[PDB]
Amino acid sequence: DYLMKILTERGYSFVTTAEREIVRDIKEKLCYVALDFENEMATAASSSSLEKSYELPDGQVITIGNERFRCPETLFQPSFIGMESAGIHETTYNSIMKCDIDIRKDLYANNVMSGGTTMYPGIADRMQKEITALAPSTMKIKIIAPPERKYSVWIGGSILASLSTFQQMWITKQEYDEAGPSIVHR
Amino acid sequence: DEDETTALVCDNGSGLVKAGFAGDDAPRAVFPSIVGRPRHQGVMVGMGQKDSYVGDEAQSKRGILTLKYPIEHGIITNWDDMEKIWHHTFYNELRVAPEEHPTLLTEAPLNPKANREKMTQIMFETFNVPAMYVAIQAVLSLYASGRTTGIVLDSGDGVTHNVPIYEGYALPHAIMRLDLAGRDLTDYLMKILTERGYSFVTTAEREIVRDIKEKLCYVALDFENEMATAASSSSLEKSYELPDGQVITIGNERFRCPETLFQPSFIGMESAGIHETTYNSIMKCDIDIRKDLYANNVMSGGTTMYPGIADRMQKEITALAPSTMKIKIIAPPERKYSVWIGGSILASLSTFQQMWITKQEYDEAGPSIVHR
Amino acid sequence: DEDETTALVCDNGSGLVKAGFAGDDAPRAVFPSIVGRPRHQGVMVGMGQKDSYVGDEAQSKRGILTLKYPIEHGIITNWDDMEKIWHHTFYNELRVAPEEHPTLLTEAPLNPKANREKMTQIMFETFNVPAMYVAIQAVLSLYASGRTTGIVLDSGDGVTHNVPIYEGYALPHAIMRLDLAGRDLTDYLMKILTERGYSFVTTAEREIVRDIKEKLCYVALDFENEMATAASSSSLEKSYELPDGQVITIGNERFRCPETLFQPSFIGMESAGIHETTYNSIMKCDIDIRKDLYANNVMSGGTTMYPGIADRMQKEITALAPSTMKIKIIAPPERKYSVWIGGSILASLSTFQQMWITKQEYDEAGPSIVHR
Amino acid sequence: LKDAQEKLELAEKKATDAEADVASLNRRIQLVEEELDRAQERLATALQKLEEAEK
Amino acid sequence: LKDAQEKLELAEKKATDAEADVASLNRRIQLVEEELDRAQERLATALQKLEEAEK
């Protein structure tokens, strides 16, 4: 919805519902998370061959040069959208300085990313450098972002549930009819 | 060989166990004297439910267990948890079966008669060792430095002691115990280092203050004009790099921590300090033996390893002792294992065989037999 | 009168400043300990450009400023921003000129020597007060309850402390600090109340969770069979009406919030809790003074105001203390200002005049003079 | 004698401070040399993975 | 005296052998630490070049 506005704001109109829906397909296909989002706006201005035109349901070739990355810069700067909360990288970090001390080297070398919105290319490099520069230099940072990440959650379940050792954690109707919903609740 | 190879030496401490085979030069096994009990039900991946944890697995997993120390101030306080540390020592650490190995154990200076009988009851009746023997710790330290008369200042993790020994017999009425040791000392550094403007916040910050104490701490001689030196600010300072980059600097406090051993007043202790106590032990002994004790102050224990401890003690007791006297502070390099090494020597010795308490002695005389 | 009227008492906290004239019964000025710095350039209608905001104007305008807290856990962490809060206190809140008023200030329990010297440097050298004095907070709380020996459990917005005091001298080595207080407590209620199925979404929802905590929260004795009671669902429930109609109900969580002070485990804290800590302070003190401390547990601080705090503490330490002992938990009604009132009394006192540090003492002895 | 013995606690003090710093610096060199075969080894692999992906 | 002075030429001898070995090992650690920022730096660049080419 933020891309929507920076794209109407680029001088456009997503007027019919066939215009609305495809802004989301623009976000998925053409959006980027640039590292050094600073001198990427600066780059935008010199106007390189950074621009990118998408052809709509019909001919209406829409161009998106710059906004292309202004959309995922929202994940590091919530201020782009009137959010006062902290952003993704700071939050990774704050989670970490809320944990036990002895476990913080582990968490830092194992930042696993999952979810459809973490798929924006260069998300991992920006996060890599975002937390290196907040973490004590004695630390090893490591941002794992696998390719199938839009289904990590599911795949982890597929593995686990097809596993040889999981059989003994399944809550059966025997457990339930005998223990009430409490049984699976743990 | 039957038992030349076969004698075990287990030194039970307040912080660490030291263990291994009589014959070796140093302990085969060194590990914390803890027994962890899980606060919640659950498992590690691939393991079963564990009722208990001992040594380093208890330390490493401390966040989900309630940790307990079986030996308070050198004395065994919980016998259920001690039999657990012994079990771990034989079966996992040294991986031996105990029922075919003679076992030399150690006890503390004025260890209650009843305890020496109880660990004998547990050694012979629940571990079924062939034979065993309990040596007093200061006595093994002395002996490992070759001699038989001297006074040992022994200082580890929970206790400090002075045990005057004459031709092998530790002198009961002259022994002094000071309950301030390396454990107390790590916690005081902790505060003078947070007080230097720092934070040992996570458990990976806590643990390493102890590794700062061991690596960088000093016992300065003329601790007076060492503070004075600190102020002119020489290249006396010392920065340590933490688990990460966070380079912490310790200049001065570096020696303010072992000055606690001479001044217990640094920590709200009203007791006298190490050097005075060495001395008081000595003016509590027979008169004719006091020149001997003075020329044979043997030091042992992890907390007596702070460099320049010996020079400070040297000058501390010269200046309290009558000038007609010869002072001599022996501090060997292996001193964090003196006790153990003295046991290794003694138990591998050719003449010790006839002092081993055998199951024959026990099944026939009751725990009284080894108690002496 | 010269200074009978004229002595100021400023108690600097982690959340609130309490200020006023020695002589008064309660603080003339109470306000947040913040300093706001505008995130953007612009003005309010009729005012000029303001570089900074302090107290309530910083809270009210928080959406356009970056708020900062000068006192972290009772210790002054930013001296540029603290001199700003003092300036505001004298000139705007109390509207006095400081250069003709003696100023009694307070510091925290183990406040670094260097800080007590720095706020003296700023009091005398940038505010030019005639004379000043720094009292320790627990010590003023005790004294305001008449006595001179007791142990204060002091708990405000960022820190909790236990300060055992004997004939006026706070006992350094027995003091305990627990970094969980009313601030931590409002944020935990927040979650158990959103977790009750709610949303404190706008900033007018956030702020009032704190007013729920103050008005409706309880410390139940037998917190065990109070949860059990919750379930049978008695008329224990309590609905509060929000800025608008939106009547929110809080039955149970009402006491789950102060049970955090006895169980830090409710919030992922591994530290011990208030009552155990009262006790541990006490078994760290001299033996002969422990009956005194036990019959004089004085409570002070905003977070010790939760009703039934005293009864729970009463029974919490009776059942840890040797039965030969008399337990006595004093919790006065004005306790959210004990500290301040103790300062008002002391500084208006007839005998205190001879302890004021004057510019004569300072210009002649350096900051060292007041440091003691 | 006071002079030979005093010259001494100072030469033995210096000997032990220098043995302590050499032990520390040798431990640090072994750790940075071991961080190495590791940095350089995953390197031969990362650069090989690049030439294959570029192809 | 003969014993304090003899203990001496030996403690001073040991002090100088240890100061010589620490100087050598510290020179070796600085060279292997400097081969490093270099191995690891071209690494951050080779791995970045991979993530961009793979993208």
# chains A, B, ... in the order shown; residues from 1 in each chain; ligands from 1
call {"tool": "residues_around", "arguments": {"residues": "segment 104-117 of chain B", "least_positions_apart": "5", "cutoff": "7 Å", "atoms": "only C-alpha atoms", "output": "JSON, numbers by chain"}}
result
{"B": [8, 9, 10, 11, 12, 74, 75, 132, 133, 134, 135, 136, 137, 347, 367, 368, 371]}
call {"tool": "write_last_selection", "arguments": {"atoms": "C-alpha atoms", "output": "mmCIF file, in the first residue's frame"}}
result
data_model
loop_
_atom_site.group_PDB
_atom_site.id
_atom_site.type_symbol
_atom_site.label_atom_id
_atom_site.label_comp_id
_atom_site.auth_asym_id
_atom_site.auth_seq_id
_atom_site.Cartn_x
_atom_site.Cartn_y
_atom_site.Cartn_z
ATOM 1 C CA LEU B 8 43.545 -43.234 41.396
ATOM 2 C CA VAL B 9 43.970 -39.789 42.992
ATOM 3 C CA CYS B 10 40.940 -37.684 43.481
ATOM 4 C CA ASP B 11 41.212 -34.246 45.001
ATOM 5 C CA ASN B 12 37.767 -32.887 45.906
ATOM 6 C CA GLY B 74 36.229 -27.663 51.722
ATOM 7 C CA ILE B 75 33.828 -29.824 53.826
ATOM 8 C CA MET B 132 41.399 -46.493 49.580
ATOM 9 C CA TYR B 133 43.164 -43.850 51.732
ATOM 10 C CA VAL B 134 42.286 -40.271 52.728
ATOM 11 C CA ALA B 135 45.288 -37.783 52.829
ATOM 12 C CA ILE B 136 44.975 -34.231 54.358
ATOM 13 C CA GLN B 137 45.379 -31.633 51.672
ATOM 14 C CA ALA B 347 50.265 -43.250 46.120
ATOM 15 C CA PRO B 367 34.736 -47.258 59.011
ATOM 16 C CA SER B 368 36.723 -46.667 62.162
ATOM 17 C CA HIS B 371 39.569 -42.960 60.369
#
call {"tool": "residues_around", "arguments": {"residues": "segment 51-53 of chain D", "least_positions_apart": "3", "cutoff": "8 Å", "atoms": "only C-alpha atoms", "output": "PyMOL selection string"}}
result
(chain D and resi 47-48) or (chain E and resi 50+53-54)
call {"tool": "residues_around", "arguments": {"residues": "segment 158-162 of chain C", "least_positions_apart": "3", "cutoff": "9 Å", "atoms": "only C-alpha atoms", "output": "JSON list (two decimals) with C-alpha atoms, in the first residue's frame"}}
result
[["chain", "number", "residue", "atom", "x", "y", "z"],
["C", 13, "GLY", "CA", 15.09, 10.14, 40.36],
["C", 14, "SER", "CA", 15.09, 7.86, 37.45],
["C", 15, "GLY", "CA", 11.45, 8.71, 36.60],
["C", 71, "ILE", "CA", 19.49, 9.18, 35.23],
["C", 72, "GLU", "CA", 19.84, 5.54, 34.38],
["C", 73, "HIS", "CA", 19.07, 3.32, 37.36],
["C", 74, "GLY", "CA", 19.50, 6.11, 39.89],
["C", 109, "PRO", "CA", 23.35, 4.02, 47.32],
["C", 138, "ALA", "CA", 17.74, 5.28, 51.82],
["C", 151, "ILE", "CA", 17.18, -1.54, 56.56],
["C", 152, "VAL", "CA", 15.36, 0.36, 53.78],
["C", 153, "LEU", "CA", 13.85, -1.47, 50.81],
["C", 154, "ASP", "CA", 13.84, 1.40, 48.37],
["C", 155, "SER", "CA", 12.01, 1.04, 45.01],
["C", 174, "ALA", "CA", 25.52, -5.18, 52.54],
["C", 175, "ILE", "CA", 23.61, -2.97, 50.01],
["C", 176, "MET", "CA", 21.82, -4.87, 47.17],
["C", 177, "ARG", "CA", 20.54, -3.46, 43.96],
["C", 178, "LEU", "CA", 17.88, -5.09, 41.84],
["C", 179, "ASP", "CA", 17.30, -3.36, 38.47],
["C", 180, "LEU", "CA", 13.51, -4.07, 38.22],
["C", 181, "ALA", "CA", 11.13, -1.37, 39.34],
["C", 182, "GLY", "CA", 7.87, 0.52, 38.49],
["C", 183, "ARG", "CA", 8.94, 1.16, 34.85],
["C", 184, "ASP", "CA", 9.52, -2.59, 34.26],
["C", 274, "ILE", "CA", 12.55, -8.29, 47.02],
["C", 277, "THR", "CA", 17.05, -9.82, 48.88],
["C", 278, "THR", "CA", 15.93, -8.06, 52.14],
["C", 281, "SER", "CA", 21.34, -8.09, 52.83],
["C", 301, "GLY", "CA", 9.49, 4.51, 46.94],
["C", 303, "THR", "CA", 6.68, 1.06, 43.60]]
call {"tool": "interface_residues", "arguments": {"of": "chain A", "to": "chain E", "cutoff": "9 Å", "atoms": "only C-alpha atoms", "output": "list in words"}}
result
residues 121, 122 and 125 of chain A
call {"tool": "write_last_selection", "arguments": {"atoms": "N, CA, C and O atoms", "output": "compact mmCIF listing (two decimals), in the first residue's frame"}}
result
# COMPACT_ATOMS: atom_id res chain seq x y z
N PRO A 121 15.44 -8.91 -2.91
CA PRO A 121 16.89 -9.06 -3.04
C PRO A 121 17.70 -7.98 -2.26
O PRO A 121 17.24 -6.84 -2.08
N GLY A 122 18.85 -8.40 -1.70
CA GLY A 122 19.76 -7.50 -1.00
C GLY A 122 19.33 -7.12 0.39
O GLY A 122 19.82 -6.14 0.98
N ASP A 125 22.22 -8.58 2.69
CA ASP A 125 23.41 -7.71 2.72
C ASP A 125 23.19 -6.47 3.58
O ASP A 125 24.01 -6.13 4.44
call {"tool": "closest_residue", "arguments": {"among": "B:241, B:80, B:253, B:276", "to": "chain A", "atoms": "only C-alpha atoms"}}
result
B:241
call {"tool": "select_by_dssp", "arguments": {"residues": "segment 30-169 of chain A", "states": "alpha helix (DSSP H)", "output": "PyMOL selection string"}}
result
chain A and resi 30+38-46+67-70+73-76+88-96+104-108+123-132+152-162
call {"tool": "calpha_fit_rmsd", "arguments": {"fixed": "chain D", "moving": "chain E"}}
result
1.2 Å
call {"tool": "interface_residues", "arguments": {"of": "chain C", "to": "chain A", "cutoff": "10 Å", "atoms": "only C-alpha atoms", "output": "ChimeraX atom specification"}}
result
/C:63,268-270
call {"tool": "write_last_selection", "arguments": {"atoms": "N, CA, C and O atoms", "output": "mmCIF file, in the first residue's frame"}}
result
data_model
loop_
_atom_site.group_PDB
_atom_site.id
_atom_site.type_symbol
_atom_site.label_atom_id
_atom_site.label_comp_id
_atom_site.auth_asym_id
_atom_site.auth_seq_id
_atom_site.Cartn_x
_atom_site.Cartn_y
_atom_site.Cartn_z
ATOM 1 N N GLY C 63 5.813 13.349 20.651
ATOM 2 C CA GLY C 63 5.767 12.995 19.250
ATOM 3 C C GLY C 63 6.725 13.800 18.380
ATOM 4 O O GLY C 63 7.080 13.274 17.325
ATOM 5 N N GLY C 268 11.372 -13.017 32.901
ATOM 6 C CA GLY C 268 12.644 -13.432 32.356
ATOM 7 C C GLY C 268 13.835 -12.882 33.129
ATOM 8 O O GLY C 268 14.953 -12.735 32.608
ATOM 9 N N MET C 269 13.574 -12.518 34.388
ATOM 10 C CA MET C 269 14.680 -12.171 35.255
ATOM 11 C C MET C 269 15.046 -13.384 36.096
ATOM 12 O O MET C 269 14.182 -14.062 36.660
ATOM 13 N N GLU C 270 16.360 -13.656 36.120
ATOM 14 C CA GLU C 270 16.954 -14.736 36.919
ATOM 15 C C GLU C 270 17.416 -14.348 38.336
ATOM 16 O O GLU C 270 17.743 -15.201 39.170
#
call {"tool": "residues_around", "arguments": {"residues": "segment 17-21 of chain A", "least_positions_apart": "3", "cutoff": "9 Å", "atoms": "only C-alpha atoms", "output": "PyMOL selection string"}}
result
chain A and resi 4+13-14+24-25+56-57
call {"tool": "residues_around", "arguments": {"residues": "residue 34 of chain E", "least_positions_apart": "5", "cutoff": "12 Å", "atoms": "only C-alpha atoms", "output": "short mmCIF file (atom, residue, chain, number, x, y, z; two decimals) with C-alpha atoms, in the first residue's frame"}}
result
data_model
loop_
_atom_site.label_atom_id
_atom_site.label_comp_id
_atom_site.auth_asym_id
_atom_site.auth_seq_id
_atom_site.Cartn_x
_atom_site.Cartn_y
_atom_site.Cartn_z
CA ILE D 29 49.21 -15.79 17.03
CA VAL D 32 44.73 -15.66 14.46
CA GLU D 33 46.69 -18.27 12.30
CA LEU D 36 43.04 -18.23 8.94
CA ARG E 27 56.69 -10.17 14.69
CA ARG E 28 55.22 -13.42 13.29
CA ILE E 29 51.71 -12.64 14.77
CA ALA E 39 42.43 -12.39 2.97
CA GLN E 40 39.12 -11.52 4.75
CA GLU E 41 38.65 -8.12 2.97
#
call {"tool": "residues_around", "arguments": {"residues": "residue 1 of chain E", "least_positions_apart": "3", "cutoff": "8 Å", "atoms": "only C-alpha atoms", "output": "ChimeraX atom specification"}}
result
/D:1 /E:4-5
call {"tool": "residues_around", "arguments": {"residues": "segment 11-19 of chain D", "least_positions_apart": "4", "cutoff": "7 Å", "atoms": "only C-alpha atoms", "output": "PDB file with N, CA, C and O atoms, in the first residue's frame"}}
result
ATOM      1  N   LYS D   7      68.548  -6.568  42.949  1.00  0.00           N
ATOM      2  CA  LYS D   7      68.733  -6.666  41.494  1.00  0.00           C
ATOM      3  C   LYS D   7      67.960  -7.878  40.976  1.00  0.00           C
ATOM      4  O   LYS D   7      67.306  -7.887  39.933  1.00  0.00           O
ATOM      5  N   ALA D  23      53.733 -15.935  26.275  1.00  0.00           N
ATOM      6  CA  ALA D  23      52.653 -16.920  26.288  1.00  0.00           C
ATOM      7  C   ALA D  23      51.346 -16.346  25.727  1.00  0.00           C
ATOM      8  O   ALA D  23      50.735 -16.921  24.823  1.00  0.00           O
TER       9      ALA D  23
ATOM     10  N   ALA E  11      68.724 -16.666  36.224  1.00  0.00           N
ATOM     11  CA  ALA E  11      67.476 -15.924  35.994  1.00  0.00           C
ATOM     12  C   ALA E  11      67.590 -14.820  34.931  1.00  0.00           C
ATOM     13  O   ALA E  11      66.729 -14.721  34.057  1.00  0.00           O
ATOM     14  N   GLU E  12      68.655 -14.008  34.919  1.00  0.00           N
ATOM     15  CA  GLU E  12      68.889 -13.022  33.855  1.00  0.00           C
ATOM     16  C   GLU E  12      69.077 -13.687  32.483  1.00  0.00           C
ATOM     17  O   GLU E  12      68.480 -13.255  31.493  1.00  0.00           O
ATOM     18  N   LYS E  14      67.771 -16.654  31.477  1.00  0.00           N
ATOM     19  CA  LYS E  14      66.397 -17.019  31.119  1.00  0.00           C
ATOM     20  C   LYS E  14      65.549 -15.821  30.677  1.00  0.00           C
ATOM     21  O   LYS E  14      64.836 -15.841  29.683  1.00  0.00           O
ATOM     22  N   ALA E  15      65.594 -14.710  31.417  1.00  0.00           N
ATOM     23  CA  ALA E  15      64.899 -13.484  31.018  1.00  0.00           C
ATOM     24  C   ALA E  15      65.245 -13.029  29.598  1.00  0.00           C
ATOM     25  O   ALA E  15      64.355 -12.819  28.774  1.00  0.00           O
ATOM     26  N   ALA E  18      63.790 -15.643  26.878  1.00  0.00           N
ATOM     27  CA  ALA E  18      62.359 -15.352  26.756  1.00  0.00           C
ATOM     28  C   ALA E  18      62.041 -14.004  26.085  1.00  0.00           C
ATOM     29  O   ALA E  18      61.180 -13.905  25.216  1.00  0.00           O
ATOM     30  N   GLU E  19      62.705 -12.881  26.399  1.00  0.00           N
ATOM     31  CA  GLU E  19      62.491 -11.636  25.646  1.00  0.00           C
ATOM     32  C   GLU E  19      62.818 -11.779  24.149  1.00  0.00           C
ATOM     33  O   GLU E  19      62.098 -11.287  23.269  1.00  0.00           O
TER      34      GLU E  19
END
call {"tool": "select_by_dssp", "arguments": {"residues": "segment 116-291 of chain B", "states": "strand (DSSP E)", "output": "number ranges by chain"}}
result
B: 131-136, 150-155, 160-166, 169-170, 176-178, 238-241, 247-250
call {"tool": "interface_residues", "arguments": {"of": "chain B", "to": "chain D", "cutoff": "9 Å", "atoms": "only C-alpha atoms", "output": "ChimeraX atom specification"}}
result
/B:215,307-308,311
call {"tool": "write_last_selection", "arguments": {"atoms": "N, CA and C atoms", "output": "mmCIF file, in the first residue's frame"}}
result
data_model
loop_
_atom_site.group_PDB
_atom_site.id
_atom_site.type_symbol
_atom_site.label_atom_id
_atom_site.label_comp_id
_atom_site.auth_asym_id
_atom_site.auth_seq_id
_atom_site.Cartn_x
_atom_site.Cartn_y
_atom_site.Cartn_z
ATOM 1 N N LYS B 215 44.208 -14.135 34.367
ATOM 2 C CA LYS B 215 45.247 -13.654 33.443
ATOM 3 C C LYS B 215 46.008 -12.357 33.774
ATOM 4 N N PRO B 307 50.864 -13.562 40.462
ATOM 5 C CA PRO B 307 52.280 -13.196 40.533
ATOM 6 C C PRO B 307 52.601 -12.173 41.650
ATOM 7 N N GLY B 308 53.784 -12.335 42.271
ATOM 8 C CA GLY B 308 54.278 -11.417 43.299
ATOM 9 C C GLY B 308 53.646 -11.586 44.657
ATOM 10 N N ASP B 311 56.697 -12.614 46.977
ATOM 11 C CA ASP B 311 57.503 -11.457 47.400
ATOM 12 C C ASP B 311 56.804 -10.628 48.477
#
call {"tool": "closest_residue", "arguments": {"among": "C:16, C:369, C:185, C:171", "to": "chain B", "atoms": "only C-alpha atoms"}}
result
C:171
call {"tool": "decode", "arguments": {"residues": "segment 3-51 of chain E", "atoms": "C-alpha atoms", "output": "compact mmCIF listing (two decimals), in the first residue's frame"}}
result
# COMPACT_ATOMS: atom_id res chain seq x y z
CA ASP E 3 73.90 -18.81 45.83
CA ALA E 4 71.90 -15.52 45.25
CA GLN E 5 74.48 -14.34 42.65
CA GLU E 6 74.53 -17.78 40.90
CA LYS E 7 70.69 -18.04 40.93
CA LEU E 8 71.05 -14.72 39.22
CA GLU E 9 73.19 -15.18 36.09
CA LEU E 10 70.72 -18.02 35.45
CA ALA E 11 67.48 -15.92 35.99
CA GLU E 12 68.89 -13.02 33.85
CA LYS E 13 69.95 -15.59 31.15
CA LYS E 14 66.40 -17.02 31.12
CA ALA E 15 64.90 -13.48 31.02
CA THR E 16 66.93 -12.61 27.89
CA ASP E 17 66.12 -15.94 26.07
CA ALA E 18 62.36 -15.35 26.76
CA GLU E 19 62.49 -11.64 25.65
CA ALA E 20 64.15 -12.82 22.39
CA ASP E 21 61.47 -15.49 21.67
CA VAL E 22 58.55 -13.05 22.47
CA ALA E 23 59.98 -10.45 20.01
CA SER E 24 60.14 -13.13 17.26
CA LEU E 25 56.64 -14.53 17.95
CA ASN E 26 55.09 -11.01 18.09
CA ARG E 27 56.69 -10.17 14.69
CA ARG E 28 55.22 -13.42 13.29
CA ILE E 29 51.71 -12.64 14.77
CA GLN E 30 51.66 -9.12 13.24
CA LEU E 31 52.61 -10.54 9.80
CA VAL E 32 49.95 -13.30 9.92
CA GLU E 33 47.31 -10.76 11.28
CA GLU E 34 48.25 -8.42 8.32
CA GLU E 35 48.01 -11.27 5.74
CA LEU E 36 44.52 -11.31 7.21
CA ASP E 37 42.56 -8.22 7.02
CA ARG E 38 43.76 -8.77 3.37
CA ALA E 39 42.43 -12.39 2.97
CA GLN E 40 39.12 -11.52 4.75
CA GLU E 41 38.65 -8.12 2.97
CA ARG E 42 38.92 -9.52 -0.57
CA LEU E 43 36.58 -12.08 0.82
CA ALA E 44 33.77 -9.66 1.77
CA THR E 45 34.21 -8.42 -1.84
CA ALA E 46 34.27 -11.93 -3.53
CA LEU E 47 31.17 -13.09 -1.58
CA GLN E 48 29.35 -9.79 -2.35
CA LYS E 49 30.26 -10.20 -6.05
CA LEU E 50 28.74 -13.75 -5.78
CA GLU E 51 25.42 -12.63 -4.16
